[PDB]
Chemist: 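I have a structure here, written as structure tokens, and I will follow up with some questions on it.
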Amino acid sequence: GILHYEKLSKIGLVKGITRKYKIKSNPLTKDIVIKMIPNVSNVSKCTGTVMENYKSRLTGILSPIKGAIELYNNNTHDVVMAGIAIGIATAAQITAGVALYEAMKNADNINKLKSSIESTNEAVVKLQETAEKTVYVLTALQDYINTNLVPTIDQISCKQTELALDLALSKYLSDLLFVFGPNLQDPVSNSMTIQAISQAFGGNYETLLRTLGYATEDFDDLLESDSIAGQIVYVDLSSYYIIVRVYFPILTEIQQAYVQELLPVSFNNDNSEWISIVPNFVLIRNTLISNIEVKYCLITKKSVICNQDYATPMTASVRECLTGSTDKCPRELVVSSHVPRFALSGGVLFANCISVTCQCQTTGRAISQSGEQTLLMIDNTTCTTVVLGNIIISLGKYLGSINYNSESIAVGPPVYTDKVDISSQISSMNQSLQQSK
Amino acid sequence: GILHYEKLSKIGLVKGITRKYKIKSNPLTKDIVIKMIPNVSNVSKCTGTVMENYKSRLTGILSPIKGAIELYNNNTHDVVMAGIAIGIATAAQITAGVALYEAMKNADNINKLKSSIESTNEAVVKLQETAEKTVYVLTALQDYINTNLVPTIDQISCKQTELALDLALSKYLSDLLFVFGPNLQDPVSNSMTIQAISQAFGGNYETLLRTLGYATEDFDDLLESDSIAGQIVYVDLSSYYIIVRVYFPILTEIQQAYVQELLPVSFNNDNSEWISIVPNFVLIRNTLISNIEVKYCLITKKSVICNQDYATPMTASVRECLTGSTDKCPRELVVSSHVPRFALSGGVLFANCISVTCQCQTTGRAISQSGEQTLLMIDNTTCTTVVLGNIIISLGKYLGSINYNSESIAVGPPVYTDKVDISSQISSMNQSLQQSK
Amino acid sequence: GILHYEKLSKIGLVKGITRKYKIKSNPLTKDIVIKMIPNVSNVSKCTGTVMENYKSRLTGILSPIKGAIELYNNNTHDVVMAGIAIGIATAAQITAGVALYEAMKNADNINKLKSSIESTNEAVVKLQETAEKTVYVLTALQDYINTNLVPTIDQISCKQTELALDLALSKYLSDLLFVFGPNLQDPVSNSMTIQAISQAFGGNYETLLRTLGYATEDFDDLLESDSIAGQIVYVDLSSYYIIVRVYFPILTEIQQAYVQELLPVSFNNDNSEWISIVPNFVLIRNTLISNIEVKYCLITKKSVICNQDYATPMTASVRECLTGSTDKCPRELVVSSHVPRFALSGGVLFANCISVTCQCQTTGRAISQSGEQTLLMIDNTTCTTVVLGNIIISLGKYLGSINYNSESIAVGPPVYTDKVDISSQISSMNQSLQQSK
Amino acid sequence: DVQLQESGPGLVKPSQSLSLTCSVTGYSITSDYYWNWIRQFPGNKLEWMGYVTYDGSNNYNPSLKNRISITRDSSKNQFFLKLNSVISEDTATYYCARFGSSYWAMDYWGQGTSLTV
Amino acid sequence: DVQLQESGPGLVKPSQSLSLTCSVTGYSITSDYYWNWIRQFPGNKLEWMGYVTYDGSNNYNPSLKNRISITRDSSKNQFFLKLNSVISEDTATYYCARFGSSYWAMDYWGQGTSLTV
Amino acid sequence: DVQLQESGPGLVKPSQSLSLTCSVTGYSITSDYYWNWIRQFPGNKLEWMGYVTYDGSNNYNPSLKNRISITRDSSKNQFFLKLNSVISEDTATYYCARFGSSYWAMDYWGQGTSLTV
Amino acid sequence: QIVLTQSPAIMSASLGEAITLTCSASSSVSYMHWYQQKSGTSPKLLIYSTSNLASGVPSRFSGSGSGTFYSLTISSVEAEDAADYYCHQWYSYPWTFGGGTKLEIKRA
Amino acid sequence: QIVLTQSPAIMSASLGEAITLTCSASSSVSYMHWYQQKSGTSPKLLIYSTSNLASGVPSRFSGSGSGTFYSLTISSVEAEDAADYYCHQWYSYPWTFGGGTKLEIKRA
Amino acid sequence: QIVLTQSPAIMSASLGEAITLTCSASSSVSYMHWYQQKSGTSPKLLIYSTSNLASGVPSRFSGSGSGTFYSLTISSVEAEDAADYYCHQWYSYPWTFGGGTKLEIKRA
Ligand SMILES: *[C@@H]1O[C@H](CO)[C@@H](O[C@@H]2O[C@H](CO)[C@@H](O)[C@H](O)[C@H]2NC(C)=O)[C@H](O)[C@H]1NC(C)=O
Ligand SMILES: *[C@@H]1O[C@H](CO)[C@@H](O[C@@H]2O[C@H](CO)[C@@H](O)[C@H](O)[C@H]2NC(C)=O)[C@H](O)[C@H]1NC(C)=O
């Protein structure tokens, strides 16, 4: 269609899976309370100085988070944000700041359960925010205490219980700091993944999300596409809990859009093996061809699921390559013994039969590629079942030109992609340029 | 000041947070012993062959570490290092080798506690190195055994205890290998982070560091800036413990130095949306402008904290861009729907009002950007409170030119940054060059 | 030898460690069963609805894996693969598909133990596949239940046991999803590391591999070089277990091949400090010089161990640099205070004595480097023991030219490697080119 | 405290375009939630038709995907169900409902507009 | 069910090249396993000599590394032990064996060819 | 085993520069530790003034940051407290002390130089 | 779509007795919601997320289930329970309802 | 800075009795050190890192605390304990001392 | 290489008694295999991966060990056990065997 697939296959770019394009949007929110400190009432006789030291260390961790959150809460009034008081912010910080303000309308109800949050003695409990709303409290290490320390009070010495508690708390903080430590300069954000907030509950995000009652057909893709996120909207440094707003978006199918994967196959040119350097994921919207940074997206067999639009510009030469101008397609020399030397597409086999041994199962005859050919197309109009190494493939028919193997193409320029090679090429061209100029 | 902030804001580079620059230095050291093998005396009747297999596997892991350490200890004499015997080393390996030699002066005292280390049966114990010095022994899995296996000896069958111990030990090694396995070709190093050594104690670095008595205002920043490091200075393959020297540096404020963040904002040019390609973190020292690899540093709201100097060269054209020559500033075409289209700085709003809807809250009037304008500056001399989408911002006053919106600038060349696009651009320029030459 | 080491050392590229090159090959396989769901018979009275919800969630995770596996199993017949039915595949997917077919010959025997797999109540058990073959079943969370929940049935309330089980299962799934979730679009693969499959057994790969009876001299290098891999060959959604084929290859020493490390040392040129930009790992095979992507390989002091051939092309100019044409070697300006300013090789010290203080221990005399010199070579024909800062090095003798320090070289062009600088350099050269053309 | 009130013609001819309006009081149609349409056939069988979200995005029941459009009018705080063309089978009571995160269910329902075709 | 059967000359002269053949029935020499050679000296001391894998790769005992070559002939399903030159000490019973993942040991052994030098 | 011994003028005039010397025996001033100055006022209130580290880096008390310089002379194994200008309030007993990782505290203190301004 | 079935279509119970209303899914869902429709009124949420009671719902109601099988339990059935109870899933699109079961109240 | 206060400034105890010397911080610290200054001598480290005894310190001394509240406990007070005890923090810069408390020994 | 030694070279046992055959390694291995060679026949795998019994091996045999010390235990020794038992490692290259120990059966 839009990509000139026949000429592209001739330079090792075999049409791969066509995937549809999705972006997360329109999220609904829920608030959950994470208690950052366990209830040690049932082990209290043997806690010693542990909880006192724990609370001090934890306050140091949570305090700068609370501060950054308050900065926005003290600047937004009713919903107008004090741009002067904020001074410097990105659009993302401002938007998150608005979401923060709105969230406080509910955080204020949750906070009236302060004493009911303090008293929770189970890993997960149900409190009433309002008669019509529930808020759950997830408590760090509460299960550890309830099943590992409480039953052991009269089995191990009292001092050993103290040490066991101290270590459980210290390990919790060591893991907690990666996310809730100094790295979190922007707690006023709605882009922070839920798997990163669940660290406050031991990394157990499945319990967190199940507790909230969320389960959808697209749920696992939303998780691994980093679309389910949360925002810390409130921090309590006396009771040691945080209120987290969790965003549950839906995936919007982008209309007239898809991501086309190309399967890179080495090919022959001038008695050497080459691989083409083009995007192996081309994003097409309407009739526009652009690049996509799929390294930030979840790729399934059916779709590319992104948490934002990751479309990027493409040069004119690459677009011209993709639409048929193979003289514009860069190639890198293959020096490695481990590259794709063939690919299957549409039931048709595209292979470099100079670098692999292509034998026909039906006749026992070799499939011979001439020096002038890049790849051979092997389909069942020539060989119904083909052997490549120890792999036997039953082939279909090619729906493109019957003369595919009889027509040569222009092949583009050699390039080198090593980061060092890029610097070398720039300075070399620059010296040639100075001679010319 | 040094950066021409007014012209830079006109191409989407809105002055962001000015941070001060810090580098870790002048570290004080302490030695701690990590026992790599638990004390199973209180479960010994049900250990079976587990500890024997554990010790063999563990020796295989620790042995090459001990060997590399001995290489330097056998070459340094008194402090002169045998350059001939070492043969090949970097300055870093040589420096670490000197630190290793010095460390042995204390490792030799710790080693006289060998039998007192072997006997430890608690996760953390205090031994006397000298009358005036304490050394702590941190024991892997000792808490697990003391609270999970010992209390269960008469509750579960003896064979189940054996299996539980075997699995605890095996999980420990599986996690341990990432750091203490073959990846550690250079144990003679003082750059290895403490969070990586704490793996020998289950990853519990908070307990390790608390045991050593360290707690400072800058402690959490030192941890996440990877400034607190340790060196393995001694390995005992019979008692299965290592002596780790832990470095505790202080942060030196670099004088006449700061890192200036720029907030990238898309802008209009020739009926299309563009983002500028400049460093978004510019390191300034004295009057020199250079690049900084902040990807290796901890960025807080107040400072950029690095474990070394990460300043790098900048081209003349980029420096000229940053000092006002906007015709030298590269731009990349925006094809994405998710880019910053505005930023707030100094209470002043910088926005691309062609790509967003800018409406004045005070009057209900639209804020119109002409084709000839890149960005509009919106401040309270035009609109006191402004609406961008669903965000309402109360604005301050711009302290630069009152005619900001009335004066156009030169806009630099288009570029493409995709890794494929870079290779394409190089070969395309090269063919044009050959025609010229 | 092949690299012109004497001229290279003069531009800061001091010969480092010569390592031999290895690639994993010829793997033998074993099948192991991982039970994805624990046996709760001994806690069954207090499981509530937990296992029912667990199984539903788990089926959602395993179902798409089973589907992708069946796609190939339904297309391969006897070993011919239905290329038409497959439609689109890479050579790697096709090869893995063949391995999958072969694996089913044994999976079919394992599956006859279905009821014996369901009944397993220990973390590791031994079942008979055939009279001459054993298959082990590794059960997730079985140890947790056997030692933490079963002994506590009459110590904690029944409801607390339910909650403890629910959390253990939920944490398991939260960790499991990273690998066995939507990211695994290609379960028909034999390149997936064993450390990634062991997640199905809590990440405990040491137990998995020990159970299989594998232990070799090269075992730890195979693990950290990502050479020990597995394939999911069968998924049972009723009994909740998977059959994993584990590949155990051997390391083949590549003949007439080695990887030469260069130790980058800053040097003086035109009153400034420079670092050379060349590959610091050069792969040499026969007489060919190429680049190696060691970032994907395990580097030990003796060898570079790769799970495939990672050789890549090198430009003519870089190869010319490496073979003696130092006018072709790119240099980047040093603006940082933390760069190697010296290196030790062959017992000979290579140092930039303009940027460091080089003092002779034997005489107390300073070692002076002139402006025309890049580096000084310090060996014992000039100074037997040398002091660089606080490091004292006893030196050997240089086996190259005695006039090393007396002969100057050509120094190549300046480059900038910052990603922004690359885009800037391209557009700047392009404008000069347009003036010329 | 949301009162969803739907209204429209109680009778349309075959091949005419149907337009039902759901007026919402007590909450802004643009600030949150998903705004759904459901219809109940004479046999009391309930069918979900689709929704428009707070930002304007749509999600429809595939069986009638090509005949349905759900839109909003923020100035009146209303949302609308439009069917490009109706068929005799489309005789049903049409309800509007609010879906949200509190229950992950449609909780507030209107009274229902009984439509004859 | 593999029967490894080795054969070759029971007598060779010093400085001649020795070639022993191991015929394998019951399994393909190319599809799996490592195919080993071991020899037992008159004092009953066993020495592992090396193997050829399923793909053709070799691994030899360093003590005789420069005199040994282990090859395959897939069309006959055979593998061969070749010694470039023999010395009086090479008098031994030569066994071929299969090594595999089931035991990580050489399980099926041939009967052994008794060679005199 | 470090003996910190401080010395200097017991009397300086206002507006003169004060220089106190701390001589250290038993350990090298350049190999380890932080070398501190502390002063005790007539009311026995202790004030930390600052330190110079083993590498020469400084850290001072902000209240007197612009009047203080702490330096070293490695050849004499000494470190010095210099005050650019003294004020009557600077009358105090000046102590030097060693800070290190053993205690994370200043353990070895000198006897103190009693200074009059 | 996911088809929800609720058989038998009509059930009856005496005053004061418990009755269990059931639902089966053609494909697994994680949660099931239940709605109660009384004559002359719109369906009103009864049970949400399988086991929870909606805002004005009497303590008589409860529920459970997983995967493809769910139930709505009415303890101590009373006259106000004479309604069509619908099984609803929102797990996959389109969101669907079962045909609904009518609970009749037995009277002499 | 972090201000350390130690009230009352002067305390007294009889021979053989326990006395607790206290310190409060304006901001939390993780550890507190204590120094003992006898007349005519420099302050000498008594307790370090909150609870540990320094090199030559008698077993009579001990300590504890966290955050903003710390204490130095002297058991079995004797004549040698007639000194100014200082509260010291090194957590944040500048390093600071409290005003110090003098312990008097009661005598007939 | 890794040298395997098995001393004494010759052992004897009575019918019905247990005998332990031993092996020591010059360097640690994780597993040890054992082979049994009867006169006129090739060595046949007896014990694999230290403790497991090979295909046709009698229940009389067992084994254990770690690191550098391993053993082969024969319980209830019988006439068929009159063989050369070899210690084998495959941990490092070259793969090696011990010299082998001969078990003699005592007879009146
Ligand atoms: C070559 O392959 C094509 C398919 O690519 C074969 O045509 C199909 O044959 C099957 C029968 O198995 C029919 O069901 C399909 O409808 C046919 N057409 C298509 C487009 O799939 C063709 O018969 C094969 N020819 C040879 C000689 O093997
Ligand atoms: C426009 O914004 C400026 C601030 O950027 C306003 O001037 C400040 O007004 C506040 C009163 O709220 C004073 O406290 C400040 O001292 C003033 N100056 C500065 C530099 O901050 C100005 O009044 C605003 N004008 C309008 C029309 O809204």
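Each chain gets a letter, A, B and so on, in the order the sequences are listed, and its residues count up from 1. In each ligand, atom 1 is the first atom listed, and ligand 1 is the first ligand listed.
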Chemist: Taking the side chain as C-beta and beyond, is there a heavy-atom pair between A/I94 and A/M81 under 4.5 Å?
Modeler: yes

Chemist: Strictly less than 4.0 Å: does any protein heavy-atom distance to atom 19 (C) of ligand 2 fall in that range?
Modeler: no

Chemist: Any non-hydrogen side-chain atom of A/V80 less than 4.5 Å from a side-chain atom of B/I393?
Modeler: no

Chemist: Atom 2 (O) of ligand 1: protein heavy atom closer than 4.0 Å?
Modeler: yes

Chemist: Compare all side-chain heavy atoms of B/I392 with those of B/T385 and state whether any distance is below 4.5 angstrom.
Modeler: yes

Chemist: When you measure from the centre of the six-membered ring of A/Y404, is the NZ or CZ of A/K10 under 6.0 Å away and within 45° of the axis?
Modeler: yes

Chemist: In terms of residue, atom name and distance, what is the protein heavy atom nearest to atom 25 (N) of ligand 1?
Modeler: A/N380 ND2, 2.9 Å

Chemist: Atom 5 (O) of ligand 2: protein heavy atom closer than 4.0 Å?
Modeler: yes

Chemist: Does any part of the side chain of A/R341, heavy atoms only, come nearer than 4.5 Å to the side chain of A/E273, both counted from C-beta?
Modeler: yes

Chemist: Does an N or O anywhere in B/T384 fall below 3.5 Å from an N or O of ligand 2?
Modeler: no

Chemist: Is at least one protein non-hydrogen atom found at under 4.0 angstrom from atom 14 (O) of ligand 1?
Modeler: no

Chemist: Output yes when a protein non-hydrogen atom is found under 4.0 Å of atom 8 (C) of ligand 1, and no otherwise.
Modeler: no

Chemist: Going by a strict under-4.0 Å cutoff (protein heavy atoms only), does atom 23 (O) of ligand 1 have a neighbour on the protein?
Modeler: no

Chemist: Under 4.0 angstrom from atom 28 (O) of ligand 2, is there any protein heavy atom?
Modeler: yes

Chemist: Please determine if A/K15 forms a cation-pi arrangement with A/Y5, meaning its NZ or CZ atom is less than 6.0 Å from the six-membered ring centre and no more than 45° off the ring axis.
Modeler: yes

Chemist: Are the side chains of A/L376 and A/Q369 in contact, using a 4.5 Å heavy-atom criterion?
Modeler: yes

